[PDB]
Protein chains: 2
Amino acid sequence: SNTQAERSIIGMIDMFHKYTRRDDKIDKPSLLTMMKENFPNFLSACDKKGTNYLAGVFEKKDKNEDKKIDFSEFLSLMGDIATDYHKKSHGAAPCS
Amino acid sequence: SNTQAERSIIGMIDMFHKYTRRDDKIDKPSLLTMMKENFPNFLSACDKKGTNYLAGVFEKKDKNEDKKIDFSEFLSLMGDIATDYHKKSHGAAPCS
Ligand SMILES: [Ca+2]
Ligand SMILES: [Ca+2]
Ligand SMILES: [Zn+2]
Ligand SMILES: [Zn+2]
């Protein structure tokens, strides 16, 4: 009944919720688990370059330094992953 | 081979490309077409409230006023749609 795009948005919201605690925010070890298990091919391309995408990702996205990733900060991170895929669809190197 | 999350990101990039011209950016009539055909249930919830989500959406997202939506601005808009779905998963009204 929803379109593919609406379904995609809904699946992203479900993935966020999967990694939250009671406060509806993602802590650091859960963000790193989420990234390793849901973005392994993205990360694999970084590792080959010698980029550890992960060290510091949580701190770069936790703009307000509350030690949690809330939904607004999660969307920023999803945007950064999407930007790397957009750049490579235009022949940039993986993990730029 | 890619995970569901990676597939989702890839489908979003494909949807962006579907509405671009030669310059890899989306013009105004194509953004409005993209929204009406890919987010109809989202928009239907706005129309019932008496919100015309669409008037002014292009101008709100075209931060640099070049009369095109580039990928960074498209991600902002996808974030705004996702934020409304996150808010309603927490019992906010549709189109808040
Ligand atoms: Ca935070
Ligand atoms: Ca623009
Ligand atoms: Zn939530
Ligand atoms: Zn493109």
- Return the sequence-ordered ³J(HN,Hα) values of region B:7-17 in whole Hz as given by the Karplus equation 6.51 cos²θ - 1.76 cosθ + 1.60 applied to θ = phi - 60°, using x for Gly and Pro. 4, 4, 4, 5, x, 6, 5, 4, 5, 3, 4
- Query: From the backbone phi of region B:27-44, what are the Karplus-calculated ³J(HN,Hα) couplings (6.51 cos²θ - 1.76 cosθ + 1.60, θ = phi - 60°) in whole Hz, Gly and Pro given as x?
  - Reply: 7, 4, x, 6, 4, 5, 4, 3, 4, 5, 9, 9, 10, x, 6, 4, 6, 5
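Once the other residues with Cβ under 15 Å from the Cβ of A:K49 are scored (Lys, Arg +1; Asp, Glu -1), what is the net sum? If you can, show how the numbers build up before the last one.
Working: positive: A:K48, A:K87, A:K88; negative: A:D47, A:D84.
Computed value for this residue: +1.
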- In a Gaussian network model of chain A with springs linking alpha carbons closer than 10 Å, the residue among A:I13, A:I26, A:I69 that fluctuates most is A:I13
- Determine ³J(HN,Hα), in whole Hz, for all residues of region B:57-68 in sequence, where each value follows from phi through the Karplus function 6.51 cos²θ - 1.76 cosθ + 1.60 and θ = phi - 60°; x replaces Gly and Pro. 4, 4, 4, 5, 8, 7, 4, 9, 6, 8, 6, 9
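Roughly how big is region B:2-57's charge dipole about its Cα centre, with Cβ charges of +1 (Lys, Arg) and -1 (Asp, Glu), in debye to the nearest 20? Don't jump to the answer; show the numbers that get you there.
On the way: 9 positive and 7 negative charges, 34 e Å.
Around 160 debye, computed over region B:2-57.
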- Message: Give the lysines reachable from A:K67 as a straight Cα distance under 22 Å; neighbours fewer than 8 places away on the same chain don't count.
- Response: A:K18, A:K25, A:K28, A:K36, B:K87
- Chain B, rotation onto A, residue closest to that axis via Cβ, with its distance in Å: B:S8, 2
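Methodologically, a virtual Cβ is constructed for each residue, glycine included, from the backbone with ideal geometry; neighbour enumeration extends over all protein chains shown. We did not get these values from a lab; they are worked out from the coordinates using the rules stated.
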